[PDB]
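These are the residues of each chain, in order.
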Protein chains: 2
Amino acid sequence: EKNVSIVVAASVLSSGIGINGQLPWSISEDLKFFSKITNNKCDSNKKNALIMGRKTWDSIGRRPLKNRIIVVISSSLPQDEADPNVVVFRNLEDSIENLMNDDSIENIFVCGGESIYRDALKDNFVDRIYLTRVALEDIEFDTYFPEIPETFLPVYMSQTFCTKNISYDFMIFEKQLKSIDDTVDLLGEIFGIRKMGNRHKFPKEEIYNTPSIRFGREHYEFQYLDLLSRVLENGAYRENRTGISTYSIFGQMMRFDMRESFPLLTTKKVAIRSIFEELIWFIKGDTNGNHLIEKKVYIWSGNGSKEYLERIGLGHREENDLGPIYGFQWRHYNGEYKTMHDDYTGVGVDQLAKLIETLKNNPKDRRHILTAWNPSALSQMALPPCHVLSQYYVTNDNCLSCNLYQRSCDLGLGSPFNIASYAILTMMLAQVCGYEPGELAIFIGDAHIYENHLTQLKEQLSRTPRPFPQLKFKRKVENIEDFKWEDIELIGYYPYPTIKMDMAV
Amino acid sequence: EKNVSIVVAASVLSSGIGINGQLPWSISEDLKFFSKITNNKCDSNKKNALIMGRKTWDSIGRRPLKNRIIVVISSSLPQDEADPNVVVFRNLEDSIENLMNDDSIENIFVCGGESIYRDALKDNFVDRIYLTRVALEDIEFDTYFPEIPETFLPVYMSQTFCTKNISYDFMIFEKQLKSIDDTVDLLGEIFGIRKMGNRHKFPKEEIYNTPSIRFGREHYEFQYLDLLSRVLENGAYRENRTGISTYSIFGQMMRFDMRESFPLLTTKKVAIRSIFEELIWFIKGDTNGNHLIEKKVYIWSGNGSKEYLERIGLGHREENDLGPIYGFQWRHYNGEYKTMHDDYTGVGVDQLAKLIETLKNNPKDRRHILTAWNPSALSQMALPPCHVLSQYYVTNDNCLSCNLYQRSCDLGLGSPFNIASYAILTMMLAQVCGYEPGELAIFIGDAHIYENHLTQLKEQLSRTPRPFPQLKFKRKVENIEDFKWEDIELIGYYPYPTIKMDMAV
Ligand SMILES: NC(=O)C1=CN([C@@H]2O[C@H](COP(=O)(O)OP(=O)(O)OC[C@H]3O[C@@H](n4cnc5c(N)ncnc54)[C@H](OP(=O)(O)O)[C@@H]3O)[C@@H](O)[C@H]2O)C=CC1
Ligand SMILES: NC(=O)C1=CN([C@@H]2O[C@H](COP(=O)(O)OP(=O)(O)OC[C@H]3O[C@@H](n4cnc5c(N)ncnc54)[C@H](OP(=O)(O)O)[C@@H]3O)[C@@H](O)[C@H]2O)C=CC1
Ligand SMILES: CN(Cc1cnc2nc(N)nc(N)c2n1)c1ccc(C(=O)N[C@@H](CCC(=O)O)C(=O)O)cc1
Ligand SMILES: CN(Cc1cnc2nc(N)nc(N)c2n1)c1ccc(C(=O)N[C@@H](CCC(=O)O)C(=O)O)cc1
Ligand SMILES: Cc1[nH]c2nc(N)[nH]c(=O)c2c1Sc1ccc(C(=O)N[C@@H](CCC(=O)O)C(=O)O)c(Cl)c1
Ligand SMILES: Cc1[nH]c2nc(N)[nH]c(=O)c2c1Sc1ccc(C(=O)N[C@@H](CCC(=O)O)C(=O)O)c(Cl)c1
Ligand SMILES: O=c1[nH]c(=O)n([C@H]2C[C@H](O)[C@@H](COP(=O)(O)O)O2)cc1F
Ligand SMILES: O=c1[nH]c(=O)n([C@H]2C[C@H](O)[C@@H](COP(=O)(O)O)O2)cc1F
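## Here we look at the overall build of chain A
A count of helices and strands for chain A gives 14 helices and 21 strands. In terms of its C-alpha atoms, chain A occupies a principal-axis envelope of roughly 90 × 60 × 40 Å. For chain A, the proportion of its 505 residues judged to be buried stands at 59%. As presented, chain A carries roughly 20600 Å² of accessible surface, and 48% of it is formed by carbon and sulfur atoms.

## Points about the site of ligand 4
Residue and element names in this part refer to chain B. In the vicinity of ligand 4 there are 15 residues, among which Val7, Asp30, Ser35, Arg68 and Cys111 approach most closely. With respect to ligand 4, the side chain of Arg68 contributes an N or O atom lying 2.5 Å from an oxygen atom. Protein chains shield 78% of the accessible area of ligand 4, which is 700 Å² for the free molecule. Listing elements by their share of the shell around ligand 4, those giving two or more residues are β1 (4–11) and α1 (28–39). The greatest single-element share of the shell around ligand 4, amounting to five residues, is contributed by α1. For the shell around ligand 4, the residue count by class is nine nonpolar, three polar and three charged.

## Remarks on the pairing of strand β3 (residues 47–53) of chain A
Residues and elements named next belong to chain A. Among the seven residues of β3, six are classified as buried, and the element is accordingly described as predominantly covered. Sheet topology places β3 next to strand β6 (residues 105–112); six bridges connect them, and they run parallel. Its bridge partner lying in β6, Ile51 is registered against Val110. Judged from the six bridges that link them, β3 and strand β4 (residues 68–73) form a sheet pairing that is parallel. Its bridge partner lying in β4, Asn48 is registered against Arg68. At this point the chain moves from β3, through helix α2 (residues 54–59), to the parallel β4, and the crossover so formed is right-handed.

## As for the site of ligand 6
Residue and element names in this part refer to chain B. Close to ligand 6 lie 14 residues; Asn303, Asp410, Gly414, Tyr450 and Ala504 are nearest. Taking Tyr450, its side chain carries an N or O atom lying 3.2 Å from a nitrogen atom of ligand 6. In the environment of ligand 6, a nitrogen atom lies 2.8 Å from a nitrogen or oxygen atom belonging to the backbone of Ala504. Expressed as a share of its isolated accessible area of 680 Å², the protein-covered part of ligand 6 is 80%. Within the shell around ligand 6, the residues separate by chemical class into ten nonpolar, three polar and one charged.

## Structural notes on the relation of the copies chain A and chain B
Superposing chain A onto chain B requires a rotation of 180 degrees together with a translation of 0.1 Å along the rotation axis, leaving an RMSD of 0.2 Å. In short, the pair behaves as if placed about a two-fold rotation axis. Residue by residue, 98% of the interface of chain A is reproduced at the interface of chain B, so both copies engage with the same surface.

## Focus: the sheet that holds strand β15 (residues 369–371) of chain B
Across a sheet, paired strands are connected by hydrogen bonds in the backbone, their directions being either parallel or antiparallel. All names here are of chain B. Spatial strand order, β13-β14-β18-β17-β16-β15: six strands in an open sheet with mixed pairing. At either end of the open sheet lies a strand with only one pairing partner, and these are β13 (236–238) and β15. Across the sheet, the mean angle from the axis of one strand to that of its neighbour is 20 degrees, orientation sign disregarded. In this structure, strand β16 (residues 387–394) lies alongside strand β17 (residues 399–410), joined through seven bridges in antiparallel fashion. When the sheet's bridge partners are listed, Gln391 is paired in β17 with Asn403. Running over the sheet, helix α13 (residues 414–432) touches β14 (246–257), β16, β17 and β18 (436–450) and is turned about 155 degrees from β17.

## With respect to the sheet that holds strand β14 (residues 236–238) of chain A
All names here are of chain A. The strand order across the open sheet built from six strands is β14-β15-β19-β18-β17-β16, with neighbouring strands paired in mixed fashion. Of all strands in the sheet, those with a lone pairing partner are β14 and β16 (369–371), marking the two edges. Neighbour to neighbour, the strand axes of the sheet diverge by 20 degrees on average, direction disregarded. The pairing of strand β15 (residues 246–257) with strand β19 (residues 436–450) spans eleven bridges and is antiparallel. Its bridge partner being in β19, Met254 is matched across the sheet by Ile442.

## Things to note about the side chain of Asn303 of chain B
Residues and elements named next belong to chain B. Its place among the elements puts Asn303 in the loop between α9 (289–293) and α10 (306–311). For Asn303, a relative accessible area of 4% translates into the label buried. Apart from residues no more than four positions distant in its own chain, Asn303 is found in contact with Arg241, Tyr308, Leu309, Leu322, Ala382, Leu383 and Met503.

What counts and what doesn't
Residues numbered from 1 in each chain as written, not as in the entry; some residues may be left out. Chains lettered and ligands numbered in written order. Heavy atoms only, no water. Helix = DSSP H or I, 4+ residues; strand = E, 2+ residues; numbered from the N terminus. Buried < 20%, exposed > 50% of the residue type's maximum accessible area, 1.4 Å probe, protein only. Areas by Shrake-Rupley, 256 points an atom, 1.4 Å probe, with all protein chains shown as cover. Near = heavy atom within 4 Å. Polar contact = N/O pair within 3.5 Å; in protein donor to acceptor, adjacent residues only side chain to side chain. Nonpolar A, V, L, I, M, F, W, Y, C, P; charged D, E, K, R; others polar. Pairing = 2+ DSSP bridges. Right-handed = clockwise from strand over helix to strand, strands pointing away. Least-squares fit on C-alpha atoms. Contact = heavy atoms within 4.5 Å. Axes fitted to C-alpha atoms, helices over the stretch in contact; angles between N-to-C directions.

Here's what the structure looks like:
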């Protein structure tokens, strides 16, 4: 018995692999990945056999690959005994004689050919599958990769990488000490909630997104999905200011990469425009909710309504005057707030300006902090800061990383919007200060799920993640307040259908 | 061949197991652990054999244990053929006939007897060791547990549990798929710093605290030690405001249990008194450094000196006037600071009082937040807030959990002090509001190690952790500012010797 793995780069959705006898993309990192994954061996006296179709053999210019033996499947190509590195077989089955004979082969790889892939799956010869998903679908294909049968299960999903503004992943599909575990279980039986391990139980398979991927959960959307599962598992059913109770856990975190991708969820279509518009609405220090409604953004409607304002003791306030909320504390901290129409120029502390100036004039500083929690202004605010305080960090390789603490997190609505918002903000601060995006760490206090989002989020958990999109700015601005929606280019975003969820006012 | 494990509860330091023919402690959880770990089996048709000394057999009142076969080692006790659950052998070697014969035995356990333990180790018959470390040493022993030979390695260390104010651990000593790993390594070779996984490399064995414990690192001091290893591994060498450069990483966290223990480091003797004194110094809202110095606490000496103050542009300030720092922002937020001698009573916003009142009048609130970051007062402060913002959470079972965000962390000096300080603070807030301590999560921004603490911390990493101590209050106070050092009782703290490290001014 010898291992036979499949290596293939297909598109994310339609699984296209070629067009007009060639690849519909040019990713050097992918070809390098193929090279290293096919050259991987233990015995130095052995080589790896590469099975490919005749047309694929024509595609590579009919030239052998070093340290490997290319096996060409063709009904016309003569058995060339000249080249000792290339061999031709009449059928796929006979080509796999490497098992019974020729001990100079350590591993067998199916490298390409839809006609080859399909009958390599149909006749069941494949043990492992190395799938390289590529994020582009608005192009033309003529050669596709056959749908993976249910006999295979994903065991690995790498982070999203970027080459020429193209997002791509690396996945592995597999055909499928006791003492410590037993001891921990026993301690979990003796001590109940006393044992902290029992307070943080591992999510069950029924609510675990892609359960088959256990040790290879490298994709950073899992940082959010596994959190969703954790709140779904250990979430204490508790009440709150709203009539809708939540299942809540305390003390969590999510990590994200922004260098090679953009942390925008693919399991659900997220309204990016509203996120950006809200972000620049903050940056300007604007507190007028109507300005968001005029631009068809209704995320501050429920927390802005006259009824809600009169209910929280702000009946004197205008229809959509949210008060000294986010942005007003960014640009005018400790500034005496009157109405949303007043001109607060020069008043208060401009945290954003000092933040930028400190970021570019003193990068290795440890005080790059933007806060929104003002005890003196909390009573005037329509809604206390959820994404409370953020800190920024300039790495040695000129990258900008962002940490955000969030006191309360709506994993259904608030969370993705926050992730994307601070990602975009980090990118803006990066471009303005002349840096590159780095990492985004979000530390969550009260991580909760509303009881009216149960079926929806459980539906979202039933979706296997896709590679993160890319976010590029079309122009470089001099002032951070000059960003426009037309200046934003979102590349390679192919998410699952949107999920309608109601906001608890 | 059959597995032979040793089960033993010994003291943490001198490894005492008995006194005057009985146990020097009474822990029901420990005896229950013994019962479950000795009753653990696969075959229902088989039983487990329990080998013990004659004196141990006398200790249990000479009564058999259910579902187990007790093997008594004695040169005087007659071979009782009456009881089929108890059997007597003349020597330990002959006693291990359970291997060659009697297939009705599935596992073999050495349950007690120093005379038995010592020659069970000396003749090498033991495969596994279940050690229950107990935290008390100021008592009398007459029977000890022999020192574990180098042939054994720890693979597990449970969290610290508490019974009758006694701390204890559960440890296991053992006598000692590739595809995903290969793929990740290859991707790490192709992509360099581009791959985020390579930016967060797993610490090397040379700087990994107790490397043998891989999957059983349950002890929560590992939350700090593994962080130390991570910064020691991936730490970017960068400069700062002080002349001493640091190795720094960004975005980390540490979790801690406070229900069954107290997160005070045992790998280094931490000055708990200074921590507490600083804490109540904060609670009172005092900014006078001398008040801390008068009580022989010199942690705020360097950041208070006249030279340092004049250097940071505060030459007008008195010898130890630290300005609107911690406590002043807790009790008098946005209060105009003059000197440390002025009476700031009634002025500013009392965050702490409102925090307590909200905690006891509305536990399920999501705004339980105490902040210290005030942009308007940063220029006056001798040192901007490191432990910036904290949030508190009242669980359904009336427990108090605490989250703390820290912008900058000195893993040598500041970190343990912060952990212990907010732990004690959480306990105080728990008692005052009528709750019990829960969990402590610390989210760290700039986690760094000063270059003059290298050899010291590398020395600290060479010490295998001991169970966390216990913290009990001797009296219940009506006001949180009424806490005294005499009211604090630290039980079972047996740490490694102190490690002298200098503070970078
Ligand atoms: N993204 C990726 O990883 C890869 C993409 N590609 C792309 O896909 C395309 C190639 O795939 P495709 O269009 O399907 O062409 P194929 O490479 O699959 O053609 C295979 C050839 O092998 C011979 N052959 C196949 N099956 C049999 C059989 N059962 N018995 C005898 N001979 C057989 C035939 O040659 P003959 O005429 O002699 O009978 C056939 O033309 C190209 O555009 C290529 O660039 C290719 C490889 C990898
Ligand atoms: N903390 C823990 O987990 C445990 C603690 N303990 C404590 O330890 C103490 C008891 O241990 P200890 O004092 O060492 O006494 P032991 O338990 O080791 O019993 C020793 C007896 O076993 C017989 N024996 C021992 N070795 C031999 C041998 N090589 N050949 C023949 N017979 C042998 C002898 O009995 P004989 O007189 O017939 O010759 C001897 O007196 C108690 O205080 C007990 O409470 C005990 C078990 C567990
Ligand atoms: C047409 N074709 C098939 C092809 C293309 N992309 C793929 N991409 C993936 N992820 N998997 C495949 N099996 C795959 N196959 C090609 C084209 C070029 C090379 C190639 O040049 N390989 C060199 C790469 C050289 C290098 O980057 O160092 C090697 O040494 O293996 C291989 C296959
Ligand atoms: C004297 N002695 C030896 C003893 C005491 N403490 C230990 N503690 C540890 N961790 N390990 C040991 N091997 C151990 N042995 C004892 C004393 C009581 C019981 C005992 O009561 N066993 C019951 C436990 C009943 C229960 O608590 O539920 C059982 O069912 O096995 C066992 C051994
Ligand atoms: C400002 C605010 N107040 C909230 N109160 C509760 N209970 N939960 C919240 O998330 C919030 C928020 S932030 C927020 C973010 C996104 C939305 C939102 O529109 N979510 C929907 C629709 C998005 C859209 O198309 O605009 C979704 O993502 O599926 C809303 Cl209502 C509020
Ligand atoms: C207040 C302050 N200022 C700091 N500046 C830098 N660069 N680093 C820091 O950790 C700090 C701190 S916090 C702090 C905490 C404990 C101590 C401290 O005295 N540690 C001693 C033990 C405590 C004692 O007995 O004083 C030690 O670990 O050897 C000090 Cl100096 C400062
Ligand atoms: O960015 C946001 N993210 C978020 O999750 N919320 C939710 C969290 C909470 O469920 C609700 C109200 O906050 P509070 O917990 O103080 O009632 O708003 C609000 C935001 F602005
Ligand atoms: O509780 C504390 N913990 C701590 O780690 N520091 C250290 C962090 C930093 O290395 C130094 C000064 O902070 P900054 O980064 O602003 O120089 O004080 C200070 C405290 F008060």
